[PDB]
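Structure at a glance
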Amino acid sequence: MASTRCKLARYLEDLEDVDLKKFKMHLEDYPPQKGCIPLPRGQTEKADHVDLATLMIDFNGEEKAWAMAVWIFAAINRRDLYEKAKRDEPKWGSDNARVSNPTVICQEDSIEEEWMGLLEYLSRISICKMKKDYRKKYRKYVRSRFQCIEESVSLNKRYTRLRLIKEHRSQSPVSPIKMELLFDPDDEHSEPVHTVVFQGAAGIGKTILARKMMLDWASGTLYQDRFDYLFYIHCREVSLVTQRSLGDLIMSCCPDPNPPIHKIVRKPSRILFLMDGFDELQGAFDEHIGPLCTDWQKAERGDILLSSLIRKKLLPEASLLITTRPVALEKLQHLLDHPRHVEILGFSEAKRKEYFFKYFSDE
Amino acid sequence: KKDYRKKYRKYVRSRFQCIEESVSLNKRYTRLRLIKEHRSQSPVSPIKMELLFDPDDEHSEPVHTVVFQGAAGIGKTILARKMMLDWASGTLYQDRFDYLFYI
Amino acid sequence: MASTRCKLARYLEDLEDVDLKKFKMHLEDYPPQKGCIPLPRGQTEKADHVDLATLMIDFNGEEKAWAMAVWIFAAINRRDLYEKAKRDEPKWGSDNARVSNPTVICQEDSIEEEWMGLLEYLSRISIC
Amino acid sequence: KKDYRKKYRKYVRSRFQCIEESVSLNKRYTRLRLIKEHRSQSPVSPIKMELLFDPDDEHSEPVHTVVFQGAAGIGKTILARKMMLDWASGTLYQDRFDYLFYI
Ligand SMILES: CC(C)(O)c1coc(S(=O)(=O)NC(=O)Nc2c3c(cc4c2CCC4)CCC3)c1
Ligand SMILES: CC(C)(O)c1coc(S(=O)(=O)NC(=O)Nc2c3c(cc4c2CCC4)CCC3)c1
Ligand SMILES: CC(C)(O)c1coc(S(=O)(=O)NC(=O)Nc2c3c(cc4c2CCC4)CCC3)c1
Ligand SMILES: Nc1ncnc2c1ncn2[C@@H]1O[C@H](COP(=O)(O)OP(=O)(O)O)[C@@H](O)[C@H]1O
Ligand SMILES: Nc1ncnc2c1ncn2[C@@H]1O[C@H](COP(=O)(O)OP(=O)(O)O)[C@@H](O)[C@H]1O
Ligand SMILES: Nc1ncnc2c1ncn2[C@@H]1O[C@H](COP(=O)(O)OP(=O)(O)O)[C@@H](O)[C@H]1O
């Protein structure tokens, strides 16, 4: 009963020659954002099976070495060894002494996929690092501000897959791109594109759509999970001469007593601002106002802050979504280039009845 | 996986015993006859418990429907309770199959 | 000037151990220039200086093996080795190899047939 | 494996001592003579403790039966208690063998 190094050596002894060569490449070339360290080519190539297991533990420690072995097994299509290592990770845990009262924890619950997953995050120091603290909080917070009055108590039940004919380039493919990859361009085309705009008549529901679009992705919900953050901002509160910074604008969404904005200032183009209603903007607004803004934290004028944000000169990679009234387009269209115009339409004949299916309680 | 398993198993297991005659069931097993209709247009293959759902070589991998024909009072109601009781502890039954639903 | 392998082996000896590790990594990761095939990781790491020079010649040929070394020396920043490789251009004759049955990439390959006898008669005049 | 081991060992160990003459047994060992009948149709191989069950080169790997012949009062009853007491602590005895059953 020694295992670990010996358990790993046993799987490695099951690799065919071709499999071993590839397993070793992967070790030597291990992808660099796991909290894992690749292994040197000399020692790796030279190592027999038991020595390779020892080398993996010496370089990365037990738990990471095991994770690396599992990933590589999948990668070289040895799914047998992938499933065997996955089922025999806390399998020596069953053959472990109770030691009477648990000094910290019994540790019996490690086979559970959620618990194994927790252990995988736990010792990551990179996946564990602060990723977890940044995620769950933001998600649940953005989620609980749109329900539970004691009519706005159910929203997804009131969905409809509202029409989304996205303006084909104004000088035939369908590509409705309603939710999945709506921001994404066609083949290449424009990878760093960030601006999308929705055109709909007054009262269509473009204000409703943003609340729904938030509510969808505010649980992951197979939405753009490859995108990290979304920022809802309706311009009812936003006004002129406010002289408030983006952080003040940001903290408006979630008033954190300890604003982590220094960590929100991370990975541009990984964060999306959902601006809502240009019509809501009340007051004068020069689309080409003289003074220019580039400072993120400076207390700047409300329209000026938007001016930089709309021009994206501040936060050059930040994505933007702007529900706009068609009549007010010429102001922003002259202001900003390459806008992903999206025409949104109301319910059809049958859909109108289907709305009453959502609404009414009796035939 | 652990939370999905142990619970379902013990639950499906404790609804068929411990009155204070239905207190022992596996003791009342018998390996009841199981001649599975050969295709209606010789191999034995009783397939009583192991791979009873499984076809022959390939044949039909995604097959899902099996039906038992027996006279009224044979014990087909009893068999399901036994077949549940068998696999409700793994018991070297189709452990390569995850869940069973008695109705 | 009979063997380029020996000259390549001497240059491998000149390489520092860190430079040799970089040289092995570069040989394994060699880019596709002049139809040159990169050495497999296991062979490069296990081979000593003499063996690696032989393996470089066996993999592509003496001329390509020397050319790969000159590029690798520049890549590993071994300027003295890179200058020496540019300074010395060995003759492409060949070193001693235990290829009694000749082998070529084509399926037909080569044999110990009449070709050998003809080559021997052509190169062997006085001894016999 | 751990739950099966320690328990069995200490248990088989504490039933042969500590009265308040049978209080020391290994001290009363002696390496008693063990001439194992050569096949009844010269090698020494006393095989007193190590590989006493083990055959010669191959010969009979799955052999299981060994029998001790001794006069009445020799100590064959004592030997089993000692042989248990030896291996009941591993004691570089047949640790490649898992369990022993005294009866
Ligand atoms: C094409 C053009 C210029 O006429 C146009 C495009 O969008 C607008 S708008 O003014 O901003 N939005 C609306 O008018 N919405 C609306 C409509 C009707 C009735 C009602 C509403 C709102 C509640 C009642 C009839 C059709 C449009 C105008
Ligand atoms: C072949 C055909 C059509 O006759 C047939 C096939 O299955 C049935 S059935 O009606 O549904 N089941 C029974 O009849 N079971 C039964 C039988 C006997 C006695 C008793 C019972 C139940 C308790 C007493 C004698 C043989 C059958 C009919
Ligand atoms: C060879 C044959 C047939 O005579 C034989 C082989 O073993 C036995 S036996 O009967 O079962 N065992 C004994 O007799 N033990 C014994 C002996 C002596 C004295 C005493 C004892 C027991 C205490 C006193 C003298 C020699 C033997 C008989
Ligand atoms: N998808 C939808 N399902 C049901 N009702 C909707 C939907 N979209 C909009 N509405 C209706 O529109 C009203 C709000 O419209 P709003 O979002 O303000 O349109 P706009 O933003 O174009 O003015 C709500 O009363 C709601 O009943
Ligand atoms: N394998 C069996 N062993 C003992 N008794 C059985 C067995 N199968 C059925 N029985 C008897 O049959 C009765 C229930 O039969 P049931 O399952 O209702 O048959 P069916 O479902 O064909 O009507 C029970 O009283 C039981 O005693
Ligand atoms: N190895 C030994 N050392 C000391 N005394 C022994 C030994 N073997 C047997 N005896 C003595 O023999 C007696 C028990 O003999 P027993 O094992 O019953 O022989 P058998 O089993 O042949 O009848 C004890 O009183 C003990 O003193």
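These notes cover the structure that comes with them. (Residues numbered from 1 in each chain as written, not as in the entry; some residues may be left out. Chains lettered and ligands numbered in written order. Part of a larger assembly, values for the part shown. Heavy atoms only, no water.)

**So, the sheet that holds strand β1 (residues 163-166) of chain A**
All names here are of chain A. The six strands are arranged β1-β6-β2-β5-β4-β3 in an open sheet whose pairing can be described as mixed. Taken across any chain shown, the strands that pair with only one partner, and hence form the sheet edges, are β1 and β3 (229-234). Each strand of the sheet is rotated relative to its neighbour by a mean of 20 degrees, with strand direction disregarded. (Pairing = 2+ DSSP bridges. Helix = DSSP H or I, 4+ residues; strand = E, 2+ residues; numbered from the N terminus. Axes fitted to C-alpha atoms, helices over the stretch in contact; angles between N-to-C directions.)

**Regarding unusual backbone geometry**
All names here are of chain D. The backbone of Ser 45 shows a phi angle near 40 degrees, a positive value even though the residue is not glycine. Looking at the element boundaries, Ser 45 is found in the loop between α1 (2-13) and α2 (76-87). Judged by relative accessible area, which is 48%, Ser 45 ranks as partly exposed. For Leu 92, which is not a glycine, the phi torsion comes out positive at approximately 55 degrees. Note on placement: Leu 92 falls in the segment after α2. Given the relative accessible area of 78%, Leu 92 is considered exposed. (Buried < 20%, exposed > 50% of the residue type's maximum accessible area, 1.4 Å probe, protein only.)

**Considerations on the packing of aromatic side chains**
The full count for this structure, using the stated rule, is 24 aromatic pairs over all chains. On the numbers, 6.4 Å between centres and 65 degrees between planes, the contact of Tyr 99 of chain B with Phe 101 of chain B is edge-to-face. Centroid distance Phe 23 of chain C to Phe 73 of chain C: 6.0 Å. Interplanar angle 25 degrees. Geometry classified as stacked. Here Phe 23 of chain C, found in helix α2 (residues 17-28), pairs with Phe 73 of chain C, found in helix α5 (residues 62-75); they are 50 residues apart in sequence, far enough to count as distant. For the pair shown, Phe 23 of chain C and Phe 73 of chain C are each scored as buried. Aromatic ring contacts, followed pair by pair, group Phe 347, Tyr 355, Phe 356, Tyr 359 and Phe 360 of chain A into a single cluster. Lying over the aromatic face of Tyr 82 of chain A, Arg 79 of chain A brings its terminal NZ or CZ to 4.9 Å of the ring centre. Positioned over the ring face of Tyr 29 of chain B is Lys 82 of chain B, at 3.7 Å from the centre of the ring. (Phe/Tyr/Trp six-rings, centres within 6.5 Å; stacked < 30°, edge-to-face > 60°. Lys NZ or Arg CZ within 6 Å of the ring centre and 35° of its normal.)

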